[PDB]
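The structure appears below as structure tokens.
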Protein chains: 2
Amino acid sequence: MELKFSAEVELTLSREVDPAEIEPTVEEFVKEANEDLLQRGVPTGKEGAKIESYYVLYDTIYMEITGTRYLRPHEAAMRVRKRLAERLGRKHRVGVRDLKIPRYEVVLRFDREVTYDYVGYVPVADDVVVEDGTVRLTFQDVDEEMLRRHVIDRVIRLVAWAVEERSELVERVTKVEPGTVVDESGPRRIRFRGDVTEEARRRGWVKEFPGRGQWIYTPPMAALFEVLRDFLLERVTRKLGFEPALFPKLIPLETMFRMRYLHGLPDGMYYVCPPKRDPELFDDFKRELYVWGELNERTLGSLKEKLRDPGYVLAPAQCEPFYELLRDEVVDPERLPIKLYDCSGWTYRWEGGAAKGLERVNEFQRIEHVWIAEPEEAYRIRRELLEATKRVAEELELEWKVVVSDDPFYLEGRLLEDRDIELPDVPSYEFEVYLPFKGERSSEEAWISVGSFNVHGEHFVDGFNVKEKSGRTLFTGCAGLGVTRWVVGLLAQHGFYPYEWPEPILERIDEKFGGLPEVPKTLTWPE
Amino acid sequence: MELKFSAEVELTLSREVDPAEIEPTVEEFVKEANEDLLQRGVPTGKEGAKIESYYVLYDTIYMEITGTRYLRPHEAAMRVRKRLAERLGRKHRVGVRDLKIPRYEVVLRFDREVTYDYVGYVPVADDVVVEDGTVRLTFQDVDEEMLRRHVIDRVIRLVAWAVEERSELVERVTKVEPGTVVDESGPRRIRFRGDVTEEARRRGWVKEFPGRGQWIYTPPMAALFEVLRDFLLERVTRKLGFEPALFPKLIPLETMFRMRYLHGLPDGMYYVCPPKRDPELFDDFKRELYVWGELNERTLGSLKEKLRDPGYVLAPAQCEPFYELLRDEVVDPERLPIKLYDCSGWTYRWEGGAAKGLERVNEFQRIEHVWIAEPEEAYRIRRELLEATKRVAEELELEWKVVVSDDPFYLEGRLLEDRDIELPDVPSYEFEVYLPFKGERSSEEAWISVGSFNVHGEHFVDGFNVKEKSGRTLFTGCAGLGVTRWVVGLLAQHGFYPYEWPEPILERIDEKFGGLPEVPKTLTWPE
RNA sequence: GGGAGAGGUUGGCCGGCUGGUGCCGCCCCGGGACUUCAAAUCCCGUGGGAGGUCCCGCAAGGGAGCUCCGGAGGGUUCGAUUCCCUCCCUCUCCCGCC
RNA sequence: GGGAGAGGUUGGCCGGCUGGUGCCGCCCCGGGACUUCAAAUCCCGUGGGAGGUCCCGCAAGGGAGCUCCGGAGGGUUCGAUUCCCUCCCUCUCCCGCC
Ligand SMILES: Nc1ncnc2c1ncn2[C@@H]1O[C@H](COS(=O)(=O)NC(=O)[C@@H](N)CO)[C@@H](O)[C@H]1O
Ligand SMILES: Nc1ncnc2c1ncn2[C@@H]1O[C@H](COS(=O)(=O)NC(=O)[C@@H](N)CO)[C@@H](O)[C@H]1O
Ligand SMILES: [Pt+2]
Ligand SMILES: [Pt+2]
Ligand SMILES: [Pt+2]
Ligand SMILES: [Pt+2]
Ligand SMILES: [Pt+2]
Ligand SMILES: [Pt+2]
Ligand SMILES: [Pt+2]
Ligand SMILES: [Pt+2]
Ligand SMILES: [Pt+2]
Ligand SMILES: [Pt+2]
Ligand SMILES: [Pt+2]
Ligand SMILES: [Pt+2]
Ligand SMILES: [Pt+2]
Ligand SMILES: [Pt+2]
Ligand SMILES: [Pt+2]
Ligand SMILES: [Pt+2]
Ligand SMILES: [Pt+2]
Ligand SMILES: [Pt+2]
Ligand SMILES: [Pt+2]
Ligand SMILES: [Pt+2]
Ligand SMILES: [Pt+2]
Ligand SMILES: [Pt+2]
Ligand SMILES: [Pt+2]
Ligand SMILES: [Pt+2]
Ligand SMILES: [Pt+2]
Ligand SMILES: [Pt+2]
Ligand SMILES: [Zn+2]
Ligand SMILES: [Zn+2]
């Protein structure tokens, strides 16, 4: 892919000028610039920058400057500015007050067939033209900030990526085919065929909440949840010696950005905006509310105006605060490993659609284990964790498989292929549990993931600038257990009649709850 | 306050007309309308509507119609429309195609001195003029929807309220002076003077999280939190027989509206917007992200565009899902009372300011008790709950007071004075705990509220349309314990050295955690 | 089960009429006139539902008035109870099924 | 502690000069010329820091080149090492404090 730049540069002189007196100097400069300055740094076989033309108006000198990857037009402009202004200053007592790039054009010549639909959306350009297997990108009024931040450079990288069809996902990193079953519990005799959501709605173990994806869990359901969770903490989390933590469920949009998670699933998160400072805006709002007496376009639009820009996301990962914890810190193997868990609250995923599954919800509860160590140690914690969980699933008499996770959570986007970092051969494993009411065991939709076990390699260690004293390689990982999910699976397999639930569960129910609590019936509702 | 309406009404005839042929009919109608129709329903001593003038253009008949509270101009317009169109239809073969109110004016004559600053912001009017102790409100282009919804009526109510200076808060409902101490634990000998936030930051029992108002709680802190919470659940919640529930922490803006809570604290909540459906918007976004390589005005603004209108608030009350549960349901005393609690997760309050207190945070943990019963029973649950809590505070060897709560949470706004409903003499009580490091016990800022105990009267029962079979009066109430707060108070009083903590706490720490966990130190951080 | 026919109000699963904002008969209810009483006779209808507004009452509640409803929604028209379209529903017939 | 004075580089807490994009002397480093060797002598300076770009190398890393830095920030000017303002900091003096 040949790549060629052309810029319209404008040098604004300190005062008006009579060009005829100036040109002699510009001509001389330009000629010697093309010969020397704009060939400097260019490798022997290649082309640099040339000032292709110039002209002098009363305020300005206008230049056509062309470039190559070896020397780019604005870098050229930089080399020219300071110099041509010293000459102008010495010869004519005139400087260059400002320098601007009204038009900056880049042409990418392809061997591949290209058309608009191949390219797609091009983020920063004012024009995109595709012709003759060529992409002409034009940028108006280019800031020094764009240039410093290599914004155009990345646009180019993008357009290349978009044309080369790299977007087809077998192109992705994981070494082992997802779906691949590492481990299996053979089938248990099949004890319950009932539909957990429908049955739970029936008996009112959940009542549907007004918001999409959400539910109210009434006491029998909640008692199950409590002990199920407590039993998980006892058998796995606490047994493997993870120490407790309280992590924020409200996560700064910038933490999301550092993780690259924002790049990955921007459409699967909820966004959160806080209120503006000025208390009178809300005095006024309160007034609009009273007068309209409802939420409508007017009041709801007026609400938006009193809000700030979105600065947070309701936490989907559930492990984020941990990288903020280690951020910019330096570790010693005597301080390693670090193993924390958090069971504080609800974790959110926005899925659009019929939200009607109890097995897939927007608001869920999970135990998040999180850890950092040298990578041999790093991968063992995940192994132990898996073995730990397998044993629990057995104690809960559940049918389960462990398979290679289909996609990395923090990998769920692509062009991040831009960096370079050390990654595990198998980033993510899923602990799946069979739900009989969904179909025969062969069917992948009859299994839900009740937990994911991930080694991250160096990914977050890098973005959060976590280092080791020596400089040893550091790895992180997280595992988490959707307890909401484990509950559904327990019901799906063992059914709703409590005396047929697993032993450790009955005991927990009885001791803490004195029997399985009953639905808070009304006359109308439970039905 | 005398009140007088004048409307410019426009009746649009089905076809163009030659007025001279029409006027004879309009004149006749108008004269008889003023005599009969527009005096109907008006009480004997009072004024109705009059059509003060009319004129006929080629498409339209224009009318000046004036009114009083007894008969308002548009009601007049309604009485006129159907009738004048039957006559026009019979005499001229012409109907009234549409009817509009381009200008609708209301004048409120006051005896009180009024100026603009008294009135303040007037929500729906296109003009407000104050002169000669008079407020002229003008509405352009008035929809039938405004009229149906009595929007203007409430504007008037408002402007009256705003002038009558009712806004000064001694005007508020609570019978007993807030601050009033119902009950007290005499001073304990004073065992620790240290500053809990500063000390905790020092030893790294919390690390500061990037977002305003938030923190990471590391294992010793979290272990304390876990057992403290578990001990509360054992001694109060579970002892008084509250049954467990899982309540949504993400609350629909409409639930907020029904509670009247939105009217109350619109500036103390976080707002949440979900993403738009179209997945390509995010394809595009992902692209803008890569190219800019940062969150900035451009990308952050572009993010806003892919978001929907705010439809939720991060739950500040912590009891909201319960009214959604009972909503539109009918209860039987055999089903009463209903007592649930929820310990699911974080509850949010946006306070703007230096967020540096551990005693006042944006993201906190509390146990929420919630209940419904006949009101004698209703108030007992709160009493029991208080007695329950007092005993716990004693077992935790804390200095505590119970005082009349300064403001109702769901009362935190005003003009809701519009309705009529049965309210307790003392809506809210606070359980306050002494923090030595803040000042001498006399100082109210040295006490924080570790819980609030509220009977709501009929307030939510009404707005959520919860009824009883018989029709007996129903009450609700909630209590909640900020466990975050209880932790700070424990430290504030007993200090950071674990062997000097209360007995039931040590035991809980040892059994579950095998000693008090240690800080996950790095080389740099804990410091 | 498939098909065709008849119908559907605002006291009446009453009958009839009507492109003029609904009318006629009969009955029921309520009220009124006539009057020894009774019955007979005659007049009135703001007779059901739904939602606002205003007045009265501490309250339970009472009164005034207005708009909308003709199975439900939509069309035509100046005007639809009336004509046309869609669905709903009752009632009889044919066909097939035992 | 208060006050006043002197100063502050991009090899040198070296000295001097300079409104022309920095220069002079001396020393140090590196490189080069002259040459029996040594020393002497002469020339060169892209000699420190910071950040991009390009090339090379599997890599550790190597090379080319460009922009910015004269205590830190800002002003004037066509041009600031030089002049002016603000803060920082070193060095001496006076005053007061023992
Ligand atoms: N929508 C959902 N409904 C219920 N549980 C869910 C949902 N999304 C995630 N979970 C639970 O959370 C676990 C982790 O989700 S994950 O995307 O696969 N992996 C992660 O988030 C990792 N960061 C570990 O927390 C799942 O295995 C499941 O147990
Ligand atoms: N910003 C905060 N930081 C810490 N705890 C808080 C905060 N806001 C509220 N709480 C806790 O939550 C309790 C209840 O808050 S409240 O406004 O007073 N009352 C309510 O919210 C009631 N609906 C009961 O939940 C407080 O007493 C305190 O224990
Ligand atoms: Pt090339
Ligand atoms: Pt020159
Ligand atoms: Pt071009
Ligand atoms: Pt520039
Ligand atoms: Pt560039
Ligand atoms: Pt640049
Ligand atoms: Pt891809
Ligand atoms: Pt079943
Ligand atoms: Pt309201
Ligand atoms: Pt390794
Ligand atoms: Pt238990
Ligand atoms: Pt009922
Ligand atoms: Pt009046
Ligand atoms: Pt007429
Ligand atoms: Pt007026
Ligand atoms: Pt209208
Ligand atoms: Pt009105
Ligand atoms: Pt209306
Ligand atoms: Pt008020
Ligand atoms: Pt102290
Ligand atoms: Pt990126
Ligand atoms: Pt009562
Ligand atoms: Pt325990
Ligand atoms: Pt260190
Ligand atoms: Pt009205
Ligand atoms: Pt460059
Ligand atoms: Zn995670
Ligand atoms: Zn509450």
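List the GluC sites (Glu not before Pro) within the stretch B:152-250 that DSSP assigns to loop and that have no more than 11 neighbouring Cβ atoms inside 10 Å.
Numbers: sites: B:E164, B:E165, B:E168, B:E171, B:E184, B:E198, B:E199, B:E208, B:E226, B:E234; in loops: B:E164, B:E165, B:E168.
Hits after loop and neighbour filter: B:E165, B:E168.
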Q: Using every pair of alpha-carbon atoms in the stretch B:100-174, split the distances into 5 Å bins beginning at 0 and state the percent of pairs per bin, rounded to integers.
A: 3, 15, 26, 22, 15, 11, 6, 2, 1, 0
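Of the listed pairs A:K175/A:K390; A:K306/B:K356; A:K4/A:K50; A:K521/B:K339; A:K4/A:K46, which have alpha-carbon separations greater than 18 Å here? Don't jump to the answer; show the numbers that get you there.
Values: A:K175/A:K390 24 Å; A:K306/B:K356 25 Å; A:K4/A:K50 12 Å; A:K521/B:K339 12 Å; A:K4/A:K46 12 Å.
Table pairs above 18 Å Cα-Cα are A:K175/A:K390; A:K306/B:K356.
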Q.
Under the convention of a label 7 Å out along Cα→Cβ, give the distances in nm from A:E511 to the same position in every other copy, shortest first.
A. 0.9
Q: Considering the rotation that carries chain B onto chain A, locate the chain B residue whose Cβ comes closest to its axis and report the distance in whole Å.
A: B:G345, 1
Q. Taking the stretch B:43-98, which chymotrypsin sites (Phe, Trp or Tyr not before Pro) meet the DSSP loop condition and have no more than 14 other C-beta atoms within 10 Å?
A. B:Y58
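Looking at the calculated P(r) for the stretch B:320-368, what percent of the C-alpha pair distances fall above 13 Å?
Numbers: 836 of 1176 pairs.
In whole percent, the share of Cα-Cα pairs in the stretch B:320-368 beyond 13 Å is 71.
Working from the pairwise distances between different alpha carbons, so that the mean of 1/r is found and then inverted, what is the stretch A:170-527's Kirkwood radius in Å?
22.3 Å is the Kirkwood radius here.
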(Q) Let me see the P(r) profile for the stretch B:80-119: every Cα-Cα distance counted, bins of 10 Å, each bin given as a percent of all pairs. (A) 21, 26, 17, 15, 16, 4
**Q.** Charge dipole (the stretch A:229-361, unit charges on Cβ, about Cα centre) - positive-most of A:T255, A:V272, A:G352
**A.** A:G352
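Go through the stretch A:453-510 and name the trypsin sites (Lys or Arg not before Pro) that are in a DSSP coil and have 15 or fewer other Cβ atoms within 10 Å of their Cβ. Could you put the intermediate results ahead of the total?
Details: sites: A:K467, A:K469, A:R472, A:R485, A:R508; in loops: A:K469, A:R472.
In loop regions of the stretch A:453-510 (DSSP not H, G, I, E or B), the sparsely surrounded trypsin sites (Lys or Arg not before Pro) are A:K469, A:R472.
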**Q.** B:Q140-B:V128 pseudo-label distance in nm [points 7 Å out on the Cα-to-Cβ vector]
**A.** 1.8
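Shielding by partners for B:330-340, please: the mean number of other protein chain Cβ atoms within 10 Å of each residue's Cβ. The partial results should precede the final answer.
Details: counts 4, 5, 3, 0, 2, 6, 1, 1, 3, 1, 6.
What the average comes to for B:330-340 is 3.
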Q: Would you mind giving the average projected area, over all directions, of the Cα convex hull of the stretch A:127-236 in nm² with one decimal?
A: 16.4
Q. How many Cβ atoms of partner chains, on average, are near each residue of B:296-309 if near means within 10 Å of its Cβ?
A. 3
Q. How many times 2.2 N^0.38 Å is the alpha carbon radius of gyration of the stretch B:2-169?
A. 1.16
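Indicate the gyration tensor shape class of the stretch A:419-513 (rounded, prolate or oblate), computed on the Cα atoms with a ≥ b ≥ c the square roots of the eigenvalues: a/c under 1.5 is rounded; otherwise a/b larger than b/c is prolate and the rest oblate.
Working: a/c = 4.77, a/b = 2.04, b/c = 2.34.
Because a/c hits 1.5 or more and a/b fails to exceed b/c, the stretch A:419-513 counts as oblate.
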(Q) Label position 7 Å from Cα toward Cβ: report the copy-to-copy distances for B:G301 in nm, one decimal, ordered from shortest. (A) 2.0
(Q) Tell me the Rg and the Dmax, in Å, that the Cα atoms of the stretch B:239-385 produce. (A) 20.3, 65
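If I take every Cα pair under 8 Å that is 6 or more residues apart in the stretch A:170-527, average their sequence separation and divide by the length, what percent do I get for the relative contact order?
On the way: 614 pairs, mean separation 96.8, N = 358.
It comes to 27 percent, rounded to a whole number.
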Q | Integer Hz, Karplus 6.51/-1.76/1.60 couplings in order for the stretch A:98-113, x for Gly and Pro | A | 9, 10, 10, 10, x, 9, 10, 10, 10, 10, 10, 8, 10, 7, 4, 5
Q | Inverse of mean 1/r across different Cα pairs in the protein assembly as shown, Kirkwood, Å | A | 34.1
Q.
Tell me which of A:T180, A:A222, A:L232 sits at the most positive position along the dipole axis of the stretch A:180-240, charges placed on C-beta atoms (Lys, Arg +1; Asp, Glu -1).
A. A:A222
Q. From Cα coordinates alone, what are the radius of gyration and Dmax values for the stretch A:187-281 in angstrom?
A. 19.9, 66
Q: May I ask you to work out the translational diffusion coefficient for the stretch A:385-457 at 37 °C, viscosity 0.692 mPa s, via Stokes-Einstein with Rh from the Kirkwood sum over Cα pairs, reported in whole µm²/s?
A: 236
**Q.** Coordinate range along principal axes, alpha carbons of the stretch A:189-235, Å, largest first
**A.** 36, 27, 18
Q. Once every DSSP H run of n ≥ 4 in chain A is given -39500 (n - 2.57) and the sum is divided by its residues, what mean residue ellipticity at 222 nm do you get, rounded to the nearest 500 deg cm²/dmol?
A. -9500 deg cm²/dmol
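Out of all Cα-Cα pairs in the stretch A:324-457, roughly what percent, to the nearest whole number, are more than 27 Å apart?
On the way: 2681 of 8911 pairs.
Here the long-distance tail beyond 27 Å is 30 percent of all Cα pairs in the stretch A:324-457.
To the nearest 20 debye, what is the magnitude of the charge dipole of the protein assembly as shown about its Cα centre, counting +1 on the Cβ of each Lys and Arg and -1 on the Cβ of each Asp and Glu?
Numbers: 154 positive and 202 negative charges, 220 e Å.
I would put it at about 1060 debye.
Just so you know, all these numbers are worked out from the coordinates, no wet-lab data involved. All Cβ positions, even for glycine, are placed from backbone atoms using ideal geometry, and neighbour counts span all protein chains on display.
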